[PDB]
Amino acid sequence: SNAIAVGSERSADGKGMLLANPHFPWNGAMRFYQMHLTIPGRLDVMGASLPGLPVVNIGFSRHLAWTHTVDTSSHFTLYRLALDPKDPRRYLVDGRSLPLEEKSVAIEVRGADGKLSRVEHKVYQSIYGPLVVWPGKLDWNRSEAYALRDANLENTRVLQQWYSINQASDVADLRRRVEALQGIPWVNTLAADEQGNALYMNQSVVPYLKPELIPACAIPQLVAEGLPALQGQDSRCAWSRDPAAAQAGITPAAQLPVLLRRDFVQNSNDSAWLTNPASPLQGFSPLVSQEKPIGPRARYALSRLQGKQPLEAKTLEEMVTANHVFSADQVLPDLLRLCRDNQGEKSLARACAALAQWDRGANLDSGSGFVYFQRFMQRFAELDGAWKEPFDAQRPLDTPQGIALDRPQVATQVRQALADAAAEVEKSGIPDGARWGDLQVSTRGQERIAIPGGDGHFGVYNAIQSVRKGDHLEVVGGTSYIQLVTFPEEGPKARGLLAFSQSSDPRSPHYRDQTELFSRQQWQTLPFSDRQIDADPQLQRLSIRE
């Protein structure tokens, strides 16, 4: 997901502005749905929501727009148990042997004969929560096992939290409502209001450990690998209690990152750190936020956002619709040099021609250079020390950059990587002169629709994830509900689309109507006022009761 909130110091109109670009599945239990909710006098909010939820999850109201992105904070901790040496179904806390609890569930199973059989399954639980096994990493042997404590299992406040957000008036009110309830499970919140405040909150449900407990309570080898793992044989490693927290064992709101600015804030699924580089967010719990290198999407956004020039609505829209493959900016110049250095190389000829002719985009008409580049990058990712300039904490926006071609070992391996990528691309069945839009599609009934964008990992702001199915790449997730909100005098102006359309049912008039529009990148008004709604020549109305 991407989110950009612009404030009075940088916006062209001097007011707030928000781009919401969540990246989520195109099917299933997290398929976004547009709706507008009004209880006249006290609730008037529009946006999109997940299936089954009677609240708006990402949206806007008269003076406010907000969105979310999946954060990098931990929302659970693993606990490594020390097992009773006499009994692998018992575990030690402060040297005392405790029994595991056994909870059975029974499931009905439809068999080949069409009849039902009852299957019983035992779930083992510790004081921390259920046991979990990752064969080869988190085993259950005679020495150790792993339990998992999920912080959001006790979060009964989640629905009230969004209903409260739905009622928020401005940025300050939104911040109060979120900090007061702490009902947000696993996302950042970014917002802008009419006044021109830009807000970022890393405000969610996060396991709390007092600072002095972490060194001794962490499992060093696992935390090194980005797993929130704690020592489960020591009662002092229980999540810390703080009366200011809305839920026992979670982090108080005052200890979670918040940035309130009048220029901009952004997030593309990295930590709070470089939300705005002018004001870095640092000194938080490792479970909350760390100073990790940002991904190419955030790096791309910051390269467009930094500076003194005012930001227009159009600017933010085009950051999505340009489909620029920002990872090319770091790699492609030197790759092309490598190409020019190897013109005698027959196996490199087609790849190098395709890369030289490529518009560095994931547009419908973008050349096969994108496909060659994708397969090279997957192999480039696995090479050791191949960056000309590796990541530099002192220069976190401009590194890594370039290929270290001046090192013979690197030059050999990069050329080999390109050779292997080329072979894999050509081993495929992609016809001559095929464009990206000829390959990446969304199936609709017997029909297909060409879809622009590409994987977020290659730094395309318009992130689209797809899987190979027959002769094509089938879109499975990515850009979903799009919302760009400004606040002119008459009322909020919202522009966007729901990329996969309102309905998942092929029989619906709204199964592919916005998907045709997403393909052409033609965003539309999201009508909010009674005037806007009444002006729609498609307007239909039904009143129902029982």
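The term rigid core refers to the maximal set of C-alpha atoms that superpose within 1.5 Å between the two forms. Start at 1 and count along the sequence shown; that's the residue number.
Exercise. Please indicate which stretch deviates more in 8 other deposited structures of this protein: 400 to 408 or 428 to 436, judged by C-alpha RMS distance after a core superposition?
Key: Taking the RMS over all superposed structures in 8 other deposited structures of this protein, 428 to 436 lies farther out.
Quiz item: Which stretch is less alike in 8 other deposited structures of this protein, 343 to 351 or 269 to 277, counting RMS CA distance after the rigid core is superposed?
Solution: Higher average C-alpha offset in 8 other deposited structures of this protein goes to 343 to 351.
Quiz item: As stated in the PDB record, which stretch has the larger average Cα B-factor, 98 to 106 or 420 to 428?
Solution: Higher mean C-alpha B-factor: 420 to 428.
Practice problem: On mean C-alpha B-factor from the PDB entry, just flag whether 22 to 30 or 482 to 490 is the higher one. | Solution: Of 482 to 490 and 22 to 30, the stretch with the higher C-alpha B-factor average is 482 to 490.
Quiz item: What's the residue among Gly456, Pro243, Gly232, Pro135 with the greatest CA temperature factor in the PDB record?
Solution: Highest CA B-factor of the listed options: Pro243.
Quiz item: Highest CA temperature factor in the entry: which of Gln125, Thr251, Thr399, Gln182?
Solution: Highest C-alpha B-factor among the listed residues goes to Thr399.
Quiz item: Among the chain's modelled residues, which third holds the C-alpha B-factor of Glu194?
Solution: Its C-alpha B-factor belongs to the middle third of this chain's values.
Self-check item: CA B-factor placement of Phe376, once the chain's modelled residues are sorted into thirds
Solution: It belongs to the highest third of the chain when residues are ordered by C-alpha B-factor.
Quiz item: Hey, what third does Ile544 fall into on Cα B-factor, ranked over its chain?
Solution: Middle third - that is where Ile544 ends up once the chain's C-alpha B-factors are sorted.
Quiz item: Against its chain's modelled residues, does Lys469's Cα B factor rank lowest, middle or highest third?
Solution: Its C-alpha B-factor, which the entry lists for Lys469, ranks in the highest third among residues of this chain.
Quiz item: According to the PDB entry, is the CA B factor of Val325 in the bottom, middle or top third of its chain, that is, lowest, middle or highest?
Solution: For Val325, the deposited C-alpha B-factor lands in the middle third.
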